[PDB]
Amino acid sequence: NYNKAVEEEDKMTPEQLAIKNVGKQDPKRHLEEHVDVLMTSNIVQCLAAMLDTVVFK
Amino acid sequence: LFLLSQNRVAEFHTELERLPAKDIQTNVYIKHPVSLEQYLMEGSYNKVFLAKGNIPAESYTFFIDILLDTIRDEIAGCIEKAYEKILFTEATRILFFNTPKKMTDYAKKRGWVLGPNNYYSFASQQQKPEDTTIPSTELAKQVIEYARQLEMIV
Amino acid sequence: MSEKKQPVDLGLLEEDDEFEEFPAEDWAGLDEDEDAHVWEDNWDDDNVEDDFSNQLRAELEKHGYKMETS
Amino acid sequence: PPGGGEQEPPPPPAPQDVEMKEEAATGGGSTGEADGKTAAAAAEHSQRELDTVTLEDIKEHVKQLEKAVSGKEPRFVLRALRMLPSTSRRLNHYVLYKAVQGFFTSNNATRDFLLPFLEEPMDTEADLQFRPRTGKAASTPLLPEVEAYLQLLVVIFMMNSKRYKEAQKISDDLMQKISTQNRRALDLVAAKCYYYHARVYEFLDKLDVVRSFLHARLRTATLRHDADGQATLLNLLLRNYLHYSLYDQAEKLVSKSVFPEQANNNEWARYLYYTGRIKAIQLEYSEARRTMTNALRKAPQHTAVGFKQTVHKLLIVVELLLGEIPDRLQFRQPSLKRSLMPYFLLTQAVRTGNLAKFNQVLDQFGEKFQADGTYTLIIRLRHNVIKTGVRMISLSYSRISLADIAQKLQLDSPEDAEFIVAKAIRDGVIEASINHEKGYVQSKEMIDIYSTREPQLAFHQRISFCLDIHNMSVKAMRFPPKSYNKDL
Amino acid sequence: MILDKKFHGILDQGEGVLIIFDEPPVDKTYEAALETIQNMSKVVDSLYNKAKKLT
Amino acid sequence: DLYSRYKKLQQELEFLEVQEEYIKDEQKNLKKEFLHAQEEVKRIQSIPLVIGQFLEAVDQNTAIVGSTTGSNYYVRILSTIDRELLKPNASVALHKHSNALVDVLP
Amino acid sequence: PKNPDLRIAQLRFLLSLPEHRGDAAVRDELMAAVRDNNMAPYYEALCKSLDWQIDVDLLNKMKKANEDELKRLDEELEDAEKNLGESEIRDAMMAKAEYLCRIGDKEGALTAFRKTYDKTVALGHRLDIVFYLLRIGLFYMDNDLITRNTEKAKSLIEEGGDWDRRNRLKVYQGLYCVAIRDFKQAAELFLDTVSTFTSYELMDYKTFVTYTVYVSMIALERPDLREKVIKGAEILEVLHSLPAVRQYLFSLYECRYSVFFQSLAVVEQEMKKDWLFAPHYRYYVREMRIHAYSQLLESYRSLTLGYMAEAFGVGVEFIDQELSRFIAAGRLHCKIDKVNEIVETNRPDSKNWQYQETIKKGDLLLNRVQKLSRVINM
Amino acid sequence: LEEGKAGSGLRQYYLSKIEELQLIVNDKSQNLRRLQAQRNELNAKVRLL
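For this deposited structure, the header cites cryo-EM as the method used and 6.8 Å as the resolution.

The name that the PDB entry assigns to chain H is 26S proteasome regulatory subunit 8, with the source organism given as Homo sapiens. For this entry, the PDB record gives the title as "Conformational Landscape of the p28-Bound Human Proteasome Regulatory Particle".

Under the PDB entry, the name given to chain E is 26S proteasome non-ATPase regulatory subunit 11, and the source organism is Homo sapiens.

Pasting the structure below:
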């Protein structure tokens, strides 16, 4: 939901990228936060092998 | 004929380009191998047997018989595959004459069971699946590899 | 390199040398009605149109006659 | 006559300005760049070069210029010739020699002065130092302009150009190894030249020498190469093996290698087209299909209209062999349409599967696809119609009628029905259960997908492969930013 | 009423088998599809920007 | 010196090769120290605090904030906070000690 | 033009191909040939018309009448020219262009409407000129040309929707969306039918309803019907016009193919012999059939041949090959097996397939990031 | 002879290709140390904070 809430602005971004491109008036990084979201998303992958070990032996 | 007998027929397919040099093309012997192999692609042995008498007095008819002799294990091998089961009434038509060459050789070849004038097939989709333990382990190894590729240089 | 497109283009020029603007107009007869229309949907449309081009093109009016007979 | 005569001088020297500016910017830019460090900069101007070539390929330049506009041919680069130092007087001479022809008139010719182009390389190409790169950047751009219009007895002069090119460089080389950017460019340049006189080769005579020695010239390149030039030199050999080879026992599976990293946004497409054409002869349903379709979906850069039309023709041709033939949908161009117009009726007639009528119909209006020669894939297709048809039967219901469907398939007989059906079963491309009770043959014919049936083992390889592609895509969003941050 | 989709169920004629089933993860595939579609525009626009800055 | 260039260059090769594991160590450790310091400055911010009021922003990334008693306080905002909190009239909450604004409420 | 002669000249399609209706068609064509200067259109359509015996008689009068009227318009134009004014020259050039639309000359109308386009004081009058190009655009059945000026006048409006302006424009949108096969995006177009009134300029109200009833009944499913037309009183008011439409709606809503296939002939005959609706007569039939089949197979899994044959009132051999084609070419539901002599489906299109809906866009995204990798370094 | 100007030559050019690989190592170290200096700059920034 939050990622989509970012993406709706990301739809507005290529216009500005097609207009100015000089300087950054937006303090929001939009990157590292989503990276952290991926870090929280990696928990499933990391615990998958755990579940595999539990099931196996 | 050699390429067809040795199951090199793929190389025959890639050799199909040079033979139509339009040198003669009015001879049936020239269009004979490509039509015979085309019938082989059709898989029908009936057309070949019916056209067996169409071959002229030329002496390679015996070599054609040799071809049938070396493809008969392929034809019979494919028709006797029996994914489920078959009835003998079709076998009478497909298989050769009363000479017990097939019922002898294939009995010691395939090594199957014979019932009351019927061919029984086994080991068909009877394979038991895995315990899901091993693929889970290899998936765990894949997860480790994912950890490596995602973070190695870091 | 891209220089290998030259003999192909010359081949197209030969194809244009065969007939002069015949298939252009002949297919423009259909294309004028097919213009502005999505060419994605025209695949199945042309498929069915060419399939029924031989026989039973309509067949909708024949159903009423096939009610009592079938 | 007076009007055209008064309006005569302005049109011909139109390209002169932007062309001189082009060669000055490219030459002076590249040389002025790598002068300090040649070994540092690698293939920065390469894409610019190939872009300029692909741009100058469609040039309409010479049309009415056949008369006394050829005065630009005798003149040439002449940058800092005969002496390394004291380039000021020559900086004046750059304006001087251009001013000489700009007074009144100048003596010009066409076929008169040609051969003695090797006078300068006999002593000094330009500066006596940078001679190989300045020399190639001198000779190679202007050569196709002089060798333009292959017809009208330029063949002999083209041969002179050949032996001259060889003797000055190509025969062997000016030195053992250049080992620089001018060499990395020399690869694709010499390759482009090979493609240039390839037409002259295939025109009348055949190959007893050059491309046969091109193997020794290929391995003369060390195995430590990026194999870009090696692959480009492999493309012309494969194209020379394209028309007639017929022996798959060696180069197939021998020519396979480590396959280093190469993009170029061209070579992928054209080489995949080549090996796709080679692998289309054995009718590969799995690999060749998707890889040639992908190859068709690639190379957006220049023209997909006049190039991809052939690989599209081959695509649909090998597509209709499976019984399911997709047509042109997303791509709209007035080329592939006209190209597929004669083939459209029959490729649409494939799904119908009527032997008797279409047997005559094909040969009736058949022109191009039967001009492909030796009637191969079509004599395969003729009897492939019944296989795609019985495949459509496999996609159809189970119960087979002795009358109805036998008449629909235009084949009526108890034996050959079940026989051909069994031949469709042994292929392994479908699923059927052979059963005999009352004499009728049924089938389970389940086309149901892997949903809710052994899911893990089903999409396992899909997950692994797709994750691998996405991960190398992560590498693709990793390395280039580093290539951005390398200089800063 | 099944065509009106007021409840979960399906009818039968010959066999007369009544099957009732539901699909709880509705909000998953929807938001996922929305994310894919929205990101497609981003990638396409990016391709437009690159095609503009290059050729 | 021609053949010596090789053997002389090998030292530079090894010297440039030894920096790999070094930059590996740096890039792997300094990010851990980065998240360390990040959580160190994150734990500084606490929920219990005193709520003041915003007044005006005289410059970039710096402004003044009025208190409950009516006394205006001068406090530089943190770089993380965007320009959305620079609104002339809003309810702002500083820390009871650090006097920093984590977030604003409507 | 806004005259009925536009429709009279629009009847040339049914005047041409069929020889059955070619009597009354040429009858009221010749009858309306003396109105609104119809000389040139039926002179061009003369190939589809009778001989030159009675043809050349009226030509002598119409050609001099045209010249007189045209030179009178030129006289009025000269009277308006070299004088102080704005709307005078505008209305003069507009009326002149209208007469140029009456004679059927596209060039003169083009340059005239272009001149008055350059003379436009406002965007509203400009939009009026655009519409004036659209009404003749319906006759010339051009595609990009009629969408060009509308796309150009689409931006920078700011005056908001008017009463008959935005309405007529919405009708035009409905028409060009009738031409194109776009449906779902065009489903918002006919919602303005409440404010629509009788229009003699392009199409009558009942004709508009008769045209939109196809897309409304076919392209829109039952929830869409209940949300729009069933909840709305519009169809409730206009069902009293003809008994046919009401039966067509009720039979489909009640899923009765007995009377539907019986009245299907009338629907087929009404579908064809239409100006802009001609090329799509193949699409609507198949679409309605596959929609009905999908609707019937939606709530039904295992279907016996008897109840089906009694429901559709048609032979089993026809629906055999029908469904057989709708398997591969149709691509609606899963594989059907005849082993039990009873139709039985599975359709696992819900659970795993909902997650498998993103595999196509996922593969396309894979090719697209392969493209993204292709842009790299060159 | 045909060695020192041939074999040793292609050996030195092989060494030049080695210089190309070490150039890859070079600019990889460059952008890695630039990213390093960036992260160190941000860390020094929050250190100033």
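Caption draft 1: Layout of the arrangement of the chains. In this assembly, eleven pairs of chains are in contact, and the pair contributing the most contacts is chains B and D. There is no contact between chain E and chain H; across them, the least C-alpha separation is 23 Å.

Caption draft 2: Here's a closer look at unusual backbone geometry. Residues and elements named next belong to chain D. Backbone geometry places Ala 43, a non-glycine residue, at a positive phi of 55°. Tracing the chain through its elements places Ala 43 in the loop between α2 (16-34) and α3 (46-56). On the basis of relative accessible area, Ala 43 is assigned to the partly exposed category, the value being 36%. Non-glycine residue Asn 264 carries a positive phi angle of around 65°. With respect to the helices and strands, the residue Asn 264 is situated in the loop between α10 (251-254) and α11 (267-278).

Caption draft 3: Representation of the pattern of salt bridges. Under the defined criterion, the tally for this structure stands at 38 salt bridges over all chains. A salt bridge links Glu 287 of chain D to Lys 279 of chain D, with the shortest nitrogen-to-oxygen separation between them at 2.9 Å. A residue is classified by how much of its surface remains accessible, and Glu 287 of chain D, at 26% relative accessible area, is partly exposed. Overall, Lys 279 of chain D belongs to the buried group, its relative accessible area being 17%. With a closest N to O distance of 3.8 Å, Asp 164 of chain G and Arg 168 of chain G form a salt bridge. You can see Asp 164 of chain G and its partner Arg 168 of chain G sitting in helix α10 (residues 164-179), four residues apart, about one turn around the helix.

Caption draft 4: Highlighting the sheet that holds strand β5 (residues 104-105) of chain F. All names here are of chain F. A sheet is described by the order of its strands in space; here five strands give the open sequence β3-β2-β1-β4-β5, paired in antiparallel fashion. Where the open sheet ends on each side, the last strands, each with one partner, are β3 (72-75) and β5. In this structure, strand β4 (residues 91-94) lies alongside β5, joined through two bridges in antiparallel fashion. Following the sheet pairing, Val 92 is matched in β5 by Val 104.

Caption draft 5: Representation of a negative patch on the surface within the structure. The grouping of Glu 14, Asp 16, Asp 17, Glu 18, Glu 20, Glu 21, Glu 25 and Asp 26 of chain C together with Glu 367 of chain D at the surface amounts to a negative patch. Inspection of the secondary structure puts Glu 18 of chain C in helix α1 (residues 5-18).

Caption draft 6: Broad picture of α3 of chain D. All names here are of chain D. Along α3, the residues that are buried comprise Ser 46, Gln 47, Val 53 and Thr 54. All buried residues of α3 project into a common sector of 125° when viewed along the axis, lining one side. Exposed residues lying more than 90 degrees from the buried face of α3 are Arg 48 and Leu 55. Of the surrounding secondary structure, the elements contacted by the buried residues of α3 are α7 (181-203).

Caption draft 7: Fine view of the packing of aromatic side chains. Residues and elements named next belong to chain G. Across all of its chains, the model carries 27 aromatic pairs over all chains by this definition. Among the aromatic side chains, those forming a connected cluster through ring pairs are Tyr 257, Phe 260, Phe 261, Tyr 293, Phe 312 and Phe 326. We note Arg 222 situated over the ring of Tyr 253; from NZ or CZ to the ring centre the distance is 4.4 Å.

Caption draft 8: Structural view of a positive patch on the surface. Taken together, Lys 28, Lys 31 and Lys 32 of chain F together with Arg 39 of chain H make up a surface patch of like positive charges. For the positive patch, the element with the highest residue contribution is helix α2 (residues 19-42) of chain F, accounting for three residues. Its location among the elements puts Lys 28 of chain F in helix α2. Residue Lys 28 of chain F is classed as partly exposed on the basis of its relative accessible area, which comes to 41%.

Caption draft 9: Representation of the side chain of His 436 of chain D. One can find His 436 of chain D in the loop between α18 (414-425) and α19 (455-476). Judged by relative accessible area, which is 6%, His 436 of chain D ranks as buried. Those residues in contact with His 436 of chain D, other than ones at most four positions away along the chain, are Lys 85, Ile 86, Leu 87 and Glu 90 of chain B together with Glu 418 and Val 441 of chain D.

Caption draft 10: Highlighting the interface of chain D and chain B. Contacts between chain D and chain B engage 33 residues on the former and 33 residues on the latter. Across the chain D/chain B interface, buried area totals approximately 3400 Å², and carbon plus sulfur atoms make up 55% of it. For chain D, the biggest contributors to the area lost against chain B are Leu 246, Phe 419 and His 436 of chain D; these three give 20% of the whole. Here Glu 415 of chain D ties to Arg 93 of chain B by a salt bridge, and the two come within 3.5 Å at their closest N and O atoms.

Caption draft 11: Broad picture of the packing of α7 of chain D against helix α9 (residues 228-240) of chain D. Residue and element names in this part refer to chain D. The N-to-C vectors of α7 and α9 enclose an angle of 10°; their axes lie 9 Å apart at closest approach. Regarding the angle of α7 to α9, the classification is roughly parallel. On α9, the residues that touch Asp 187, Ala 191, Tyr 194, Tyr 195, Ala 198 and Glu 202 of α7 are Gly 229, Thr 232, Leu 233, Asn 235, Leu 236 and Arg 239.

Caption draft 12: Focus on the pairing of β4 of chain F. With four bridges connecting them, strand β1 (residues 50-54) of chain F and β4 of chain F associate as antiparallel partners. Opposite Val 50 of chain F, over in β4 of chain F, you have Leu 94 of chain F as the bridge partner.

Caption draft 13: Representation of the packing of helix α3 (residues 32-56) of chain A against helix α8 (residues 133-150) of chain B within the structure. Their axes nearest at 9 Å, the elements α3 of chain A and α8 of chain B cross at an angle of 155°. Classified by the angle between their axes, α3 of chain A and α8 of chain B sit roughly antiparallel to one another. Handedness of the α3 of chain A/α8 of chain B crossing: left-handed. Along its contact with α3 of chain A, which presents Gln 45, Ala 49, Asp 52 and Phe 56 of chain A, the element α8 of chain B presents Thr 133, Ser 136, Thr 137, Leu 139, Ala 140, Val 143 and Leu 150 of chain B. Here the contact of α3 of chain A with α8 of chain B is composed, by residue class, of six nonpolar, four polar and one charged.

What counts, and at which threshold
Residues numbered from 1 in each chain as written, not as in the entry; some residues may be left out. Chains lettered and ligands numbered in written order. Part of a larger assembly, values for the part shown. Heavy atoms only, no water. Contact = heavy atoms within 4.5 Å. Helix = DSSP H or I, 4+ residues; strand = E, 2+ residues; numbered from the N terminus. Buried < 20%, exposed > 50% of the residue type's maximum accessible area, 1.4 Å probe, protein only. Salt bridge = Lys/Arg side-chain N within 4 Å of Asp/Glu carboxyl O. Pairing = 2+ DSSP bridges. Patch = residues over 30% accessible without salt bridge, like charges linked within 9 Å, V, L, I, M, F, W, Y side chains within 5 Å. Areas by Shrake-Rupley, 256 points an atom, 1.4 Å probe, with all protein chains shown as cover. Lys, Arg positive; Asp, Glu negative; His and termini not counted. Charge placed at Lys NZ, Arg CZ, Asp CG, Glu CD. Arc of directions from axis to C-beta. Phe/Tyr/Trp six-rings, centres within 6.5 Å; stacked < 30°, edge-to-face > 60°. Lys NZ or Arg CZ within 6 Å of the ring centre and 35° of its normal. Buried area = accessible area lost by both parts, 1.4 Å probe. Axes fitted to C-alpha atoms, helices over the stretch in contact; angles between N-to-C directions. Parallel < 35°, antiparallel > 145°, perpendicular 65-115°, else oblique. Left-handed = near helix turned anticlockwise from the far one by under 90°. Nonpolar A, V, L, I, M, F, W, Y, C, P; charged D, E, K, R; others polar.

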